[PDB]
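Worth knowing before you read on, the calculation uses all heavy atoms, side chains too, and leaves out hydrogens, waters and symmetry mates. Ligands are counted one by one from 1 in listed order, and the atoms in each one are counted from 1 as well. Below, chains carry the letters A, B, ... as their sequence lines are ordered, and counting in each starts from 1.
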2 protein chains.
Amino acid sequence: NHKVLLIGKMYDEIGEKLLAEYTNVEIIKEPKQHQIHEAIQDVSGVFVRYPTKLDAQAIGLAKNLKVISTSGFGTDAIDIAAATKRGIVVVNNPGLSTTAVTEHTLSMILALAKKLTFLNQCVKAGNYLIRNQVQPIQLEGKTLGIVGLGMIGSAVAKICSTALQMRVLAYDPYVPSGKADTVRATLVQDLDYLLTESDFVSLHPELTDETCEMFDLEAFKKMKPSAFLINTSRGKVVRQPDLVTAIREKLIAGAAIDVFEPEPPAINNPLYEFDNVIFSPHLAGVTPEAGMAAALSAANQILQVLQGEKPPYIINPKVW
Amino acid sequence: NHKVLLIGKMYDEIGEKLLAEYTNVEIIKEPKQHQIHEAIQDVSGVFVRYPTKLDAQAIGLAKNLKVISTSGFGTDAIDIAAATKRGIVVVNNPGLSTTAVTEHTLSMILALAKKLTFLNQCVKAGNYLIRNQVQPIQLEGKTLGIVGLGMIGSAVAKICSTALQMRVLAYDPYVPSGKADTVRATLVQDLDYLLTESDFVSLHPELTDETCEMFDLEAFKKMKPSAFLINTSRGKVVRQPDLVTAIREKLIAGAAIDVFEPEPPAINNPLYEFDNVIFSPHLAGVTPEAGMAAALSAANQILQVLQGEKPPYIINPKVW
Ligand SMILES: NC(=O)c1ccc[n+]([C@@H]2O[C@H](COP(=O)([O-])OP(=O)(O)OC[C@H]3O[C@@H](n4cnc5c(N)ncnc54)[C@H](O)[C@@H]3O)[C@@H](O)[C@H]2O)c1
Ligand SMILES: NC(=O)c1ccc[n+]([C@@H]2O[C@H](COP(=O)([O-])OP(=O)(O)OC[C@H]3O[C@@H](n4cnc5c(N)ncnc54)[C@H](O)[C@@H]3O)[C@@H](O)[C@H]2O)c1
């Protein structure tokens, strides 16, 4: 008897089939606003594919709505205030993609070190002789600076220190030094030391008021001119105009970016111009395996709310 | 009193400085044939930067020449027959870049799995919404097929099986099964099984009559349509027209190529057209660290011959 609207497909169809066994499911892909308005009127649950926005108008039209689930961690595209006003439960699906982001981070570190995209373009252009001018970087013995020694930061640190034989430094004010020792990294309390020491800086912190735009022009100035920045965390950790300046003025050597501010990025983003910046469209956490886990978690939590059971990942717990 | 000619720079200047302390060194970069002819007339030793060719004419003009050293393993660009006729020692510099090629191989496996070059182009073109159509591959649990369980094959196997938690199969007729167990791989005697099982096939064999063009159309037909080929070994291991067919006809999903046949490749190579084939210009073994080791080895062996000491890596030992 309950109806559920998926605003965008889940990252794996198993969550859609789980929902369809217990509710009447409708899926709308890259919808126009009027389609959201018509399809949401009588549904009891809503799923939102990141980074699609769910606004106050649509929530106000959703007369029967009891639960909203995002596809992953981020809830910035949901008008949570409007949902909370109406007593609607908002749920996210976090921490299900550690392995996916760890692998993606490694791919980006290696791609920057081996100058992958540049050398590929040179060969295809007939310039095999570029090998007389540029050489890859050997990762062994170089220093990797990890900002945020959490689930993904620790996993990346462990692979880079042991398999790749890098020297790993980690900055994270909320962790004991023993947590870095576990993954054969060294914890450092001075972010400046991490910046001046690192040949690769990879960002993995939680986004907070403290980490918001912590990577600004002053940070890039302290980094080695030869160093690379990798960001798979959140776009707001980096102040985008300063990264543009830093790349253009050669304060750093390059960057690999999976996350943007804003999300989605505009089509004229000034970073696109630079051949030493490489991009993925917020996919580090979206392998099929991570997608299946997130889709099951989203489907489960919707069904839980509809049956009056408290789900694990409520974002606005005061409505419960 | 001895003069030495470097036909191309070494991969690190330390070898040039070592030579200049004991001999009179001249360096010519991307030289025309007439420059080789003039500079080689009176030199006692010659260094050749891969893949530059040293032909019978130049050797015949080199009246005082006693030793020729390549920059790395490959000697196919040297007219060894002509050198041997004149009693000239030919030396290569092999096995000094295991870590460099291992890292490069990993970079290419990860770049193919994460669809790096394609997703980068999509974002820069304003197509962030490609994330609704393509997803990265999670390496954990996938099968890597290694052809050739030597120094580089073993090192790659070990990282992929342990750090990346892949299932690793290895084909190598000259190795005991215990050598695969050491790196948490399984040795397989049926190359067909490796082909049908593997999601990634990475080539690391010695080039022999047996491995020459072992990766031909029949091999690609047996591979999974979803699988990727990585080749950092030698270009002649793959029959290039068949790889073109295999890519065009979607017998396999993509490839990453560091080595070519012929070397250097022509500017109209038919593989360049395909966006799912990525290239590096024979640089997997050429980091600064590998380059310094090879340059010291080349400089040492030249000086050894000039002082009548047998060098370790003679390619034509019957002249000694
Ligand atoms: N690109 C994607 O698809 C994707 C997927 C999953 C997670 N993420 C993001 O990646 C990042 C890491 O994820 P996680 O699961 O490891 O989170 P986590 O909660 O396990 O760890 C985050 C770390 O950030 C640390 N931190 C907090 N403040 C800090 C500060 N001022 N300086 C340095 N570190 C600080 C915390 O102490 C914690 O250890 C998060 O921003 C997460 O939202 C991105
Ligand atoms: N791209 C570069 O810059 C670069 C640099 C160094 C080496 N290489 C090449 O990489 C490859 C691996 O180098 P390595 O140092 O590990 O060599 P290696 O001699 O240590 O191992 C080569 C392996 O090939 C195996 N092999 C022989 N015949 C085989 C067959 N029919 N099928 C499967 N395996 C077979 C041998 O048994 C051996 O174990 C070689 O071709 C080498 O010349 C390339």
Side-chain angles (χ1 to χ4, degrees), chain A residues 50 72-74 92 94-98 100-102 104-105 131 136 146-156 170-175 179 191 194 203-212 214 231-237 257-260 263 280-287 290 294, chain B residues 50 72-74 92 94-98 100-102 104-105 131 136 146-156 170-175 179 191 194 203-212 214 231-237 257-260 263 280-287 290 294:
Chain A
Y50 190 81
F73 170 82
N92 72 341
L96 275 21
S97 55
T98 298
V101 183
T102 297
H104 204 91
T105 301
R131 77 189 299 281
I146 282 163
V147 177
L149 196 68
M151 293 299 298
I152 292 163
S154 299
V156 173
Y171 177 78
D172 189 326
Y174 304 104
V175 135
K179 193 179 183 186
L191 181 58
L194 181 145
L203 310 185
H204 307 279
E206 179 181 4
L207 174 62
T208 71
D209 291 353
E210 205 173 23
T211 58
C212 188
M214 64 176 292
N231 191 20
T232 63
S233 61
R234 297 289 152 183
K236 283 181 269 160
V237 177
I257 300 295
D258 183 64
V259 297
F260 304 84
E263 301 253 9
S280 49
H282 203 121
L283 282 175
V286 191
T287 59
Chain B
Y50 190 81
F73 170 82
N92 72 341
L96 275 21
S97 55
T98 298
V101 183
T102 297
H104 204 91
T105 301
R131 77 189 299 281
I146 282 163
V147 177
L149 196 68
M151 293 299 298
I152 292 163
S154 299
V156 173
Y171 177 78
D172 189 326
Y174 304 104
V175 135
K179 193 179 183 186
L191 181 58
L194 181 145
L203 310 185
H204 307 279
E206 179 181 4
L207 174 62
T208 71
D209 291 353
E210 205 173 23
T211 58
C212 188
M214 64 176 292
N231 191 20
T232 63
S233 61
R234 297 289 152 183
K236 283 181 269 160
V237 177
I257 300 295
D258 183 64
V259 297
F260 304 84
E263 301 253 9
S280 49
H282 203 121
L283 282 175
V286 191
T287 59

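- Regarding atom 26 (N) of ligand 1, its nearest protein heavy-atom neighbour is A:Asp172 OD1, 3.8 Å.
- The option from A:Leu203, A:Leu207, A:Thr211 that lies nearest to atom 31 (N) of ligand 1, judged by heavy atoms, is A:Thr211.
- The residue B:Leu283 has no part lying near ligand 2, judged by heavy-atom distances below 4.0 Å.
- For the pair B:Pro205 and B:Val237, the minimum side-chain heavy-atom distance is below 4.5 Å.
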### Query
So B:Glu206 and B:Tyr174, side chain to side chain donor-acceptor pair (under 3.5 Å) or not? Walk me through it.
CA-CA 11 Å; B:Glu206 179 181 4; B:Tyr174 304 104; over 6 Å; no

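- Between B:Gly95 and ligand 2 there is no heavy-atom distance shorter than 4.0 Å.
- Protein heavy atom at the shortest distance from atom 10 (O) of ligand 1 is A:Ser233 CA, 3.5 Å.
- For atom 19 (O) of ligand 2, the closest non-hydrogen atom on the protein side is B:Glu206 CB, 4.8 Å.
- Taking NE2 of A:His204 as the reference point, atom OG1 of A:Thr232 lies at 4.5 Å (rounded to 0.5 Å).
- Within the model, atoms CG of B:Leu194 and OH of B:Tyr171 stand 9.5 Å from one another, a figure rounded to the nearest 0.5 Å.
- Interface atoms of ligand 2 facing B:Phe73, defined by a heavy-atom separation under 4.0 Å, are 43 (O).
- Closest to atom 3 (O) of ligand 1 among all protein heavy atoms lies A:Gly285 N, 3.1 Å.
- Counting only heavy atoms of the protein, atom 44 (C) of ligand 1 lies nearest to A:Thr232 O, 3.2 Å.
- Counting only heavy atoms of the protein, atom 12 (C) of ligand 1 lies nearest to A:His204 O, 3.2 Å.
- At the top of the distance list for atom 32 (N) of ligand 2, counting protein heavy atoms only, stands B:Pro173 CD, 3.3 Å.
- Under a 3.5 Å cut-off, the side chain of B:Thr208 and the backbone N or O of B:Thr211 do form a donor-acceptor pair.
- Look at A:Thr208 and you'll find every heavy atom at least 4.0 Å from all atoms of ligand 1.
- Comparing A:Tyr50, A:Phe260, A:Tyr174, A:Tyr171 against atom 27 (C) of ligand 1, the shortest heavy-atom distance belongs to A:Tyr174.
- Distance from atom 6 (C) of ligand 2 to its nearest protein heavy atom, with residue and atom name: B:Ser97 OG, 3.6 Å.
- The nearest heavy-atom contact from the protein to atom 21 (O) of ligand 2 is B:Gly150 CA, 3.2 Å.
- Looking only at protein heavy atoms, the nearest one to atom 16 (O) of ligand 1 is A:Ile152 N, 2.8 Å.
- The closest heavy-atom contact to atom 11 (C) of ligand 1, among the options A:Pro205, A:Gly235, A:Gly148, comes from A:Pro205.
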#### Entry: From CA spacing to verdict: side-chain contact (heavy atoms from CB on, under 4.5 Å), B:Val286, B:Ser97
CA-CA 7 Å; B:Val286 191; B:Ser97 55; over 6 Å; no

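- Between A:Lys179 and ligand 1, no N or O atom pair is found at a separation short of 3.5 Å.
- Scanning the protein heavy atoms around atom 5 (C) of ligand 2, the nearest turns out to be B:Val101 CG2, 3.5 Å.
- Residues B:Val147 and B:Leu191 form a side-chain contact, since some pair of their non-hydrogen atoms from C-beta on lies under 4.5 Å apart.
- Compare A:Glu210, A:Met214, A:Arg234, A:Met151 by their heavy atoms: the one nearest to atom 20 (O) of ligand 1 is in A:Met151.
- Residues A:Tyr50 and A:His282 place their aromatic rings such that the two centres sit under 6.0 Å apart.
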